[PDB]
Structures are given as C-alpha cells and as structure tokens.
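Written below as structure tokens is the structure these notes are about.
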Amino acid sequence: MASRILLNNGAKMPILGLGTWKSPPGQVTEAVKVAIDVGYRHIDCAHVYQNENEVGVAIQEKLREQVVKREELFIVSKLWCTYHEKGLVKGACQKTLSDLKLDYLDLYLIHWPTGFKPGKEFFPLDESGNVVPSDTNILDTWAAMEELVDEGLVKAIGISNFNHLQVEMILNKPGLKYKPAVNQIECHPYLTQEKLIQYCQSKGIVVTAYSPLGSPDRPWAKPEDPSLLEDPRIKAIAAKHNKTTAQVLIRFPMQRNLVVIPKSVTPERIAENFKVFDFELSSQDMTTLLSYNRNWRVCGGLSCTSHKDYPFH
Ligand SMILES: NC(=O)c1ccc[n+]([C@@H]2O[C@H](COP(=O)([O-])OP(=O)(O)OC[C@H]3O[C@@H](n4cnc5c(N)ncnc54)[C@H](OP(=O)(O)O)[C@@H]3O)[C@@H](O)[C@H]2O)c1
Ligand SMILES: O=C(O)COc1cc(F)ccc1C(=O)NCc1cccc([N+](=O)[O-])c1
C-alpha cells in the first residue's frame, strides 16, 4: 500500500489524512502538530469548521521547525455554501489561505453542491426556518474554482457531496477547463457507495471517504443509530487481524483505492489511526464489510431537502 494516489492534475495525494471537523480550537493545534510528528502529511480543513486559524498555527510551526517541507504537505479546504457567487470565491479562498498560513492549497473543494444566500450566517434562514438558496449554479461556481487554479491559489480543485448526476453535470460543462480531481463523500461500511465510487473512478476522479468511523461525535447523534466502532461483526475482523476496530475502518477505504480522513484530537488515537500500512484485509473481509451497507448517513442534510441541488434524493 503506497502512501499516495496520483490525481488527474498530475500531483500525488496522501491516502491518509487528518480530519478537523469538530476538533475544538483549543485542541486542534496540538492535534495537527502530533499528526505531522507521527507521519500525517494531509490535513482536511474547511472554513465552516471555524478552526482553520488554529490548524494553520500547527502547520506553520512544523514548517518553521523543519519537521516537514511545504511541498511534502497536502492541505485541503472547502468553499462554504454562502460563497458560491463568482465575486465571492476568490476572497473565500484567500481567507482560508490567510487562516491556514499558506500561499496555496493543494486541493480546494466545493463543500456542498447547494449554494446559500451570502451574508454572515452560514445557514441563512427565512422566517419559517428554510435555508435561503442562492441562484448561482454548480457550473458557474466551477468556473470560479477554475480561476483559482489559473491564479496560483490552489493546485487542484474538486467537489464534495456531489451525486452521480452532479458529477456528470460538471464533466459535461460547456467549456470545461479542469476536471474535478476529487469527490469527497461520506463512506463507511454502513454507506458503502459502490455506484458513485465506480462512476467517479471510471472518470479518473479520486474519491475521499469522510466520516470513516461513523462520526461518533457528530452533534445530532441519537442512541438508536448504528455504531460502526461498536459493531461486533467489525470488532471480530479487527480481532482476527490483531488491530483495532478503527484501524480496520481506516484500512477498508484504502483498499478500495480511496483516500480516507479520520478525525481525532486524541494523541494516542492520532498515532493509532496512522498505523494502517502494515496489514491487509482479505477480499472476503472486504466483501463482508461491504455487506453491512444500510444507506445510513452521518451527514444527511435533512434541513436542505428542497434545495434544487440537494444531493441525496
Ligand atoms: N466534505 C464534507 O461534507 C464532510 C463531512 C463530514 C466530515 N468531513 C471530514 O471528514 C472528517 C472525518 O469525519 P468525522 O469528523 O465526521 O468523523 P470520524 O472521523 O468518522 O470520527 C471522529 C470521531 O471518532 C473518534 N475517534 C477517532 N479515532 C478513534 C479511534 N482510534 N478509536 C476510537 N474513536 C476514535 C474521535 O474522537 P476524538 O477526536 O475525541 O479522539 C471522534 O469522536 C471530518 O473531521 C472532516 O474533516 C467532511
Ligand atoms: O458539512 C460538513 O463538512 C460537516 O457538517 C457540517 C459542519 C459544519 F461545520 C456545519 C454544518 C454541517 C452540516 O450541516 N453539513 C451538512 C450539509 C451542509 C450543507 C448542505 C447540505 N445538503 O445536504 O445540501 C448538508
């Protein structure tokens, strides 16, 4: 298992990265420092996570310390929904760059296909509680992303939470200049994504799996929800291989040619989660894990279901 995957922009992307959604601002600097110290070279970020400044402190310190060189890091961020208009994309990218202490991003994603009304609120609401859409579509937002490549702000551009038809819309865009390098989607044994993964891979788009552990710290968790880390069937595979359940859950997407971005702020788990390059799941293990699919989503976007571009109908 090589550590990097070749993207369709000619650059290589580390297949294991550190997630940062929900990482508290007072803990994420040390989390990223530890991650870099123990071998991580890819950090997944977003403006909406409200902690990019603190992620950036860690990156800058490790560059200053010469623990790593900038060209060895692969830093990803995402354009939030309230910045889909053409005139807002560059400034949104530049705010993320400033916060992360970077001159360029390795990859910048459209975070969700849904555009929302610009303003201070990340979820602008009407008086009845619906999110207020923007009238800017995915194709014009994509053209604005292409400009960022042509200005040197980002090395690669991609998409996130785009369904099959939305990916195809991008690929079929009149005058398309750069194909998306990545589609970052939720993926784990309860949401195995065979159809969307095969489509993206067949077009040369690399898939990144988010919430690979089932996001046990998601803010909307309910007790009746299934739990990957506690599933006896997955624990049994881990025991057979003398690895933790989390390690199995991270290795699983790796063997599907996916990138995977487990989140932790716990030093011992950050290190544990990286120790996944030294064992192999069998084909039978892989098919068994795939069999657990139930189309269960951490990020279901249930408050966004009437948006013309809601992705999960
Ligand atoms: N593009 C998108 O729309 C989108 C959506 C969701 C997520 N993402 C990205 O994907 C990343 C990962 O997804 P996620 O944050 O939803 O959840 P996740 O990575 O599936 O799970 C994170 C949770 O698992 C715990 N954990 C981590 N390693 C563990 C281990 N070895 N043993 C036991 N528990 C462990 C963490 O606890 P501690 O931190 O307390 O250790 C945290 O509670 C995000 O942080 C974000 O970067 C992107
Ligand atoms: O979107 C992520 O990366 C994780 O989830 C969130 C993180 C945040 F910091 C804030 C909000 C979310 C969240 O609600 N994310 C879910 C979401 C967002 C936008 C649109 C949709 N949609 O289905 O169209 C869904």
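Summary of computed values
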{"quantity": "Cα→Cβ-extended label distance, 7 Å offset, between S306 and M286, nm", "calculated": "4.4"}
{"quantity": "Listed residues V55, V67, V259, most fluctuating in the chain (Gaussian network, C-alpha, under 10 Å)", "calculated": "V67"}
{"quantity": "Packing-based exposure ordering (other Cβ within 10 Å, fewest first) of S128, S211", "calculated": "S128, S211"}
{"quantity": "FRET efficiency, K275 to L171 (Cβ-Cβ, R0 41 Å, nearest 0.05)", "calculated": "0.65"}
{"quantity": "Within the chain: Cβ-based charge dipole about Cα centre, in debye rounded to nearest 20 (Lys, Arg +1; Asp, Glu -1)", "calculated": "580"}
{"quantity": "Residues whose placed amide H lies under 5 Å from that of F74, excluding near-sequence neighbours", "calculated": "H42, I43"}
{"quantity": "Candidates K240, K62, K95, ranked by Gaussian network fluctuation over the chain, Cα under 10 Å, top entry", "calculated": "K240"}
{"quantity": "Candidates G129, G17, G152: whichever shows maximal mean-square fluctuation once the chain is modelled as a Gaussian network with Cα springs under 10 Å", "calculated": "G129"}
{"quantity": "Dipole of the range 208-313, positive direction: furthest Cα of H241, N293, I270, with charges on the beta-carbon", "calculated": "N293"}
{"quantity": "Relative contact order for the range 4-304, counting Cα pairs under 8 Å that sit 6 or more residues apart, in percent", "calculated": "19"}
{"quantity": "Burial ordering of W21, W220, fewest other beta-carbon atoms within 10 Å first", "calculated": "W220, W21"}
{"quantity": "Residue order, fewest to most beta carbons within 10 Å, for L228, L191", "calculated": "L191, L228"}
{"quantity": "Entries in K95/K155; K90/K203; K22/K222; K203/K308; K78/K155; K22/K86 that, when Cα-Cα distance is taken, lie over 22 Å", "calculated": "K90/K203; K203/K308; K22/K86"}
{"quantity": "Electrostatic dipole magnitude of the range 34-172 [Cβ: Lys, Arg +1; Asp, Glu -1; Cα centre; debye, to 20]", "calculated": "260"}
{"quantity": "Span from the the range 1-52 Cα centroid across to the the range 158-232 one, whole angstrom", "calculated": "17"}
{"quantity": "Antiparallel bridges, percent of DSSP beta bridges restricted to the chain (to nearest 5)", "calculated": "20"}
{"quantity": "Label-point separation in nm, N242 to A2, each point 7 Å along Cα→Cβ", "calculated": "2.9"}
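For neighbour counting, all protein chains shown are included, and Cβ atoms are generated from backbone atoms with ideal geometry for every residue, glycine included. All of the numbers you see were taken from the coordinates with simple rules; none came from a lab.
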